[PDB]
Ligand SMILES: Nc1nc2c(ncn2[C@@H]2O[C@H](COP(=O)(O)OP(=O)(O)OP(=O)(O)O)[C@@H](O)[C@H]2O)c(=O)[nH]1
Ligand SMILES: O=C(O)C(=O)CS(=O)(=O)O
Ligand SMILES: [Mn+2]
Ligand SMILES: [Mn+2]
Ligand SMILES: [Mn+2]
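Residue numbers (the UniProt record's numbering): 3 to 622.
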C-alpha cells in the first residue's frame, strides 16, 4: 500500500512487470529501487533480442566497440584503476569474527577480512543512497548450475551496469526461465552499483563508470546477501562467480555437507577407452584454464573440459564424489593465450565473446602479449589505454589481467556431461602453484589426511591477478585464500570429515609444480600440452599401477615411469630432486603460518601431518 505514489515503481519499468515477479523478488527490487533511485528498471529476460539491444546501447554510449574481424565479438576498455579483483576491499560480515576467520595468535589474519555489522551499515549508508540516479537498474535472474540440478542455486543481481548484464548472460544461465524455476524459493540477493550517479561529479576514463575510492565488496552469509560498490570489473561485479559461487557457497556447503572450490574439472580418456575425471586447484594466474582445455601431446589421449574455475562437489548415495561446474562460460586471462599454449581457447573465443582490456588491431582483431601470432604489413595496434602502440614501447599492449568472456558451449572439447545435473565422478584432486625452487614436478599424498595437509600448505609466487606484486612466496591454501566464506580451520575440519563418511570413495590427491626453474632461471619443464605426461602417471596411479617410489614428501614417479619420449633434454634429477635443506625451511614456514593464522582452530590431524613431515625430513 501507500499514502502517495512514492513506493510503487511500476511506472519506471521499461521491460517486464513487477507484478509477474515472485513476492520476495519484487520486494528486493522495489526496496532497493527506493534506496538507489534508478531512473528506469529493466527486468532481464535473457533473450537474444535483449542482448542485441544492450550491445547496441553500449556501442552507442562508447562503452564497447565491435571487433569487426570476428563474429559478434566486442571489446571493453576500463578505467586503469578498475582492472582486477581487489582482495583488500573484500569483506565478510558475521556477528562474531571467529565465524569468518580464525583468531590469529599474533599477526593480522590473511585468511579473510571481517567487518562488523555496525561498521558495514555505516559503509553501506555512505555509498548506496541515491547511487543509481539517472541510470537503469537491471534485474538479472540467474542460476548457478544447470537449472533443476540438485546442487543448483538461484540468485538475483541488481546492477546499474549493462556490461555486467551482458557478461552475466555469458557466465551464468540467465533470464525468464530462471524466475519460473525459482517460484517462491530462496535466492541469493546480489546488489551491485558502479557508484556513479548522474550528473557525474568526476569525468570518466575510457567511458568506464567506477568509484575506486569507495570500492567495497561485502558478503553477508547469514542474510544470503552480496553487496558490491564501485567496481565494474570481473570478480567484483559478476556476483555469481567469486562472491556467490565460492564465498557464499563455501559457507552453504559447510552447512549442507558439500564443497565449493576454486577448481577446474576435466575428463581424460586414455588409449584403452577408459575415462576419468579430475579436479585441480591452482591459484589465480597459475594455469587452471590452460590445463582444463589442454590439447594433449601424447597420441591416443583426450582431454575434455567440464569447467575451468569453480567446482561444486558432493558425495552421492554410492560414495562417489560428484562435481558440477556452476558456471556457463569462461572468464579467462587473455595474455599468454596462443595456438601453442591454449589452442582450444583460440578456437572458442572467435565468436560471441566479450574481451576486456586487450589490444585492438586496425583490421578489427585482438592482440595481447604472448599471442605468438604475427600481423600482416600495415596492421597497427591500439593498446588497452586507447593509444597507438608499437612493440618499441615499454608498456604492454594489453593489461596483464585482461580477460575474455566466452560461452562454454562453444569450446570444441567441452565435455558431453558438462551440464549433466548429476555431476561427474571425481577420482583425483590436484593441487599446485608457482614454485621456482625445491618442489618437484609431481607427487602423490600418502593418505587423505596428508592430502588435506598438502592443500593447506600450498604456496605460490606472487602473480598479478590481485593487487599483489613482486616475486614473494605467499601462502594460498587450497587456492582459496581470497575466497574463504568462513573460518579456515573449520574448512580444514570439513575436508577432514569426508574420511569419516560411510562408503566414501575418496579421490587420490596429487601436488604438481609446472614452474620449477634451474640455476639459469629457465623452466625445467615445457608444460602446457606436455602436462599430459603427468596426467598419464596420475591416471595409472588411480588404476593402481606400481609406478611410484616413496619419498619423505609423498610418492613420486619411479625412474622411467614417466613417458618422456620426445623430450630427451629433460633434467629428471633436478625436476624431482628433494633437498633436506629446502624442506627443513619449508616445514618451518608452514609451521609458523599454521600456528599464527589458524591457531586454536587448527585440527589435530593437520598438526599431526606437520609433525610427521618434519620427522620424515629430519631422518634424511
Ligand atoms: N611454465 C608454465 N606456465 C604455465 C603453464 N600453464 C599455464 N602457465 C602460465 O600461467 C599463466 C596464465 O594463467 P592464468 O590464465 O592467469 O591462470 P588461471 O588459474 O586460469 O587464473 P584465474 O582465471 O584468474 O583463476 C601464464 O603465465 C602461463 O605462462 C605451464 O604448463 N607451464
Ligand atoms: O582471480 C581469479 O581467480 C579469477 O578467476 C578472475 S575474477 O573472476 O576473480 O575476476
Ligand atoms: Mn547517451
Ligand atoms: Mn582461468
Ligand atoms: Mn579463478
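We put the CB at the ideal spot given by N, CA and C, even for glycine.
Reduced DSSP category for residue i - H, G, I as helix; E, B as strand; rest coil
i           : result
residue 282 : strand
residue 192 : strand
residue 46  : coil
residue 455 : helix
residue 406 : strand
residue 606 : helix
residue 324 : strand
residue 574 : helix
residue 72  : coil
residue 245 : helix
residue 401 : coil
residue 177 : coil
residue 357 : strand
residue 214 : helix
residue 184 : helix
residue 91  : helix
residue 8   : coil
residue 615 : helix
residue 531 : helix
residue 58  : helix
residue 450 : helix
residue 501 : helix
residue 20  : helix
residue 51  : helix
Start-to-end residues for the beta strand (DSSP E) that takes in residue i
i           : result
residue 625 : Lying outside 3 to 622, the shown extent of the chain, residue 625 is not represented and no answer is given.
residue 218 : 218-222
residue 68  : 66-68
residue 76  : 76-78
residue 345 : Element bounds for residue 345: not the beta strand (DSSP E) but the alpha helix (DSSP H), 345-350.
residue 16  : 15-17
residue 434 : 426-434
residue 230 : 227-231
residue 306 : 304-309
residue 263 : 261-263
residue 339 : It is not in any beta strand (DSSP E) - residue 339 carries neither H nor E in the DSSP assignment.
residue 559 : 556-559
residue 510 : 510-514
Spatial neighbours of residue i in its chain, beta-carbon cut-off 6 Å, leaving aside the 5 residues before and after
i           : result
residue 209 : 64, 65
residue 553 : 580
residue 286 : 467
residue 174 : 144, 242, 330
residue 227 : 191
residue 464 : 470, 472, 474, 476
residue 455 : 608, 611
residue 211 : 196, 198
residue 273 : 302
Limits of the unbroken alpha helix (DSSP H) element including residue i
i           : result
residue 165 : 164-173
residue 589 : 582-599
residue 38  : 25-38
residue 290 : 290-294
residue 237 : 236-239
residue 541 : 534-544
residue 257 : 251-258
Cβ-Cβ separation, residue j to residue i (assumed contact under 8 Å), whole Å
i           : j           : result
residue 189 : residue 170 : Not really, about 14 Å apart at Cβ, beyond 8 Å.
residue 429 : residue 544 : 5 Å
residue 192 : residue 159 : 4 Å
residue 488 : residue 252 : 7 Å
residue 246 : residue 157 : 6 Å
residue 523 : residue 405 : With a Cβ gap of about 28 Å, residue 523 and residue 405 do not count as contacting.
residue 327 : residue 312 : 7 Å
residue 494 : residue 500 : Actually they are not in contact, since the Cβ atoms of residue 494 and residue 500 sit about 11 Å apart, beyond 8 Å.
residue 219 : residue 91  : 6 Å
residue 460 : residue 491 : 16 Å between Cβ atoms; not a contact.
residue 362 : residue 339 : That belief does not hold up - the Cβ atoms of residue 362 and residue 339 are roughly 16 Å apart, past 8 Å.
Contacting residues, own chain, Cβ-Cβ under 8 Å from residue i (five flanking each side not counted)
i           : result
residue 97  : 119, 224
residue 549 : 539, 542, 543, 559, 560, 563
residue 53  : 168, 171
Cβ-based neighbour list, residue i, same chain, cut-off 7 Å, excluding 5 preceding and 5 following
i           : result
residue 529 : 516
residue 349 : 414
residue 346 : 295, 297, 413, 414, 415
Task: Secondary structure, beta strand (DSSP E): runs of 3+ residues fully inside the segment 94-158 - done: Annotation: the segment 94-158 contains the following complete segments of the beta strand (DSSP E) (minimum length 3 residues), in chain order: 138-146.
Task: In chain order, each beta strand (DSSP E) run of at least 3 residues that lies wholly inside the segment 462-498 - done: Correct list: 475-477.
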